[PDB]
Structures are given as structure tokens and as C-alpha cells.
């Protein structure tokens, strides 16, 4: 008997549901998508197969009007419908934009329900742009703290970091796609780890060990070819221009390297050393390797870091 973990991605509120819509468009298989919102108009446009309208008696079908208490009460009163949607999950990713009413208030309730049901629960949330003002930032910070209390692991993306990767003309929607990559590639990295039996094998139990009840996390992937490919891919995997939690200080890392038949012992050590040197801690590594012959000169390094 083999194990095949059930993964679910849950968008909560406006930003979370747009991230879900964009991920569905990008294409993802063997992942269930759930869309949760107070805003019935936006939920009607969701591409997810499971849509949950919360708080209709409270908001009359509108959003939360920037009030986190409304988001929280909305979720609590739809608990049974949220549980039904999560049922069967082995891992749940909850994504939401903090600072509004629905995400801030409802996302921690959703995450708490998932964890109480035994699922490995990961949050990936944004903080608002500074141009949205102090009050939005303060509401968002309270949401982040509530999320921390309710998840196994949390990845925070300050939206201000998007201003570091655009030029004056980059479309807003293109910047948003860059932030979407954090969650999408983290999910895909776990999917790929579960689906393949590696020459040095890691599986969902290793994911649980690295992520259960840990706090902040980093999830990254790097791909490189040619000379110094392993160092370059490892540096890319831990590079964090959009992340609140960098690699620095990590005390546990799951690292998987995938390459073709040319994958060398020496370069696997090089990659492992990059990660641990950048952590600047004594890192408890869980190391894996997959030989994919279809790959020629490409190497892929996946990292999950916790223990901050």
C-alpha cells in the first residue's frame, strides 16, 4: 500500500481568489481548488470547482467592507460548509491578501479548521502596499499574527517588495503574477516530490516533519544549466526578493535535487553547502535526489526551510 496525499489550495477573499483563478489558468493537476468569499459577485467569476459563499446573512452578499470582524464571523458561521470542503485533505494551502475584511478575518478561521481536521496547513499571505496606508497595514499585521497561530507554516509576501521588481511601466497584473509564483511553485514542488520515487527518496512524511508546527517558512525552486549549475540553481531556490522570511536563520531544510544521469555527487554537495552557508546555522537537512533522464543539462533544486 502506497500513500497519495490529498492536496487542497483555498483562496480566501478577493486577492486569494484571484490567485486561485490565475493558478487554475496556469494549469495544475491532482490539486483541489476551493474559493471562499463573502463577495458573491466575485465568487460567481471564480474558476474553482468548489465555491463557498460565507456570511451571506451578515453582508447580504457583499464583501466585508474592510472590516475583519465581519470576515471572521462570516467564516465561523459557515464552519460546517468549510469543513465539508476540506474533508479528506492531507495538506491545505490557504492563500489570502491581508488588510481587508474577508481575508484578514476569515483566512485564520479557515486555516484553524484545516489544522483541527489533521491536515498539514500552510498559509501564503500578502501584506498591503504602504500606499494603502497605516490602518490597512495594522489590520493586516493582526491578520498575519492570527494566521501564525492557526497554521503549521506561514509564508508572508509584503506587496511592497513588488515595487523592487518592476520598472515604471511594468503592468500591475504582471507584478501580481510574480507574487503568485511563490505559492504555485511551492505547491508544485510538493506535488512533484509525492509523485516520483527518488534515488534518494523524500515523501510526504518528510514534508510533515519539516513543516508541522514550525512557524515561518521559505519554499523555493531554482533551475539552471551549464557550468556551476548546481550552485546557481541552489542560490535561485533560496533567493527571496518577495519574501518576508529569507533563508537566513533556517534550522531545518528539505532539499531535493533533480537532474539527469550526469548529476554528480560533488555538485549535490555544492548545492547543499550553498543552502546551509546562506542559512548561517547548523541546519538539519532532509536531502533527496531524483534522476530524470529526460533532463539533459538542467538541474532543479527545491528547498523548504523552517525552524526560524
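Between two forms, the rigid core is defined as the largest C-alpha subset superposing within 1.5 Å. Residue numbers count along the first chain shown, from 1.
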Following superposition on the rigid core, is the mean squared CA displacement, expressed as RMS, greater for 89-97 or for 163-171 in 7 other deposited structures of this protein? 163-171
Could you check whether 140-148 or 186-194 drifts more from the shown form in 7 other deposited structures of this protein, using RMS Cα distance once the core is superposed? 186-194
So 20-28 or 285-293, which one's hotter by mean CA B-factor in the entry? 20-28
Do the C-alpha atoms of 104-112 or of 133-141 have the higher average B factor in the entry? 133-141
Per the entry, which of 154, 234, 200, 149 tops the list for Cα B factor? 149
Identity of residue with top Cα B-factor, from 242, 64, 279, 268: 279
Can you work out whether the C-alpha temperature factor of residue 229 puts it in the lowest, middle or highest third of the chain? highest
By the recorded C-alpha temperature factor, relative to the other modelled residues in its chain, which third is residue 78 in? highest
Ranked against its chain, the third holding the CA B-factor of residue 36: lowest
Check where residue 7 lands among this chain's C-alpha B-factors and tell me if it's the lowest, middle or highest third. middle
Using the B-factors in the PDB entry, rank residue 169's C-alpha atom against the chain and give the third, lowest, middle or highest. middle
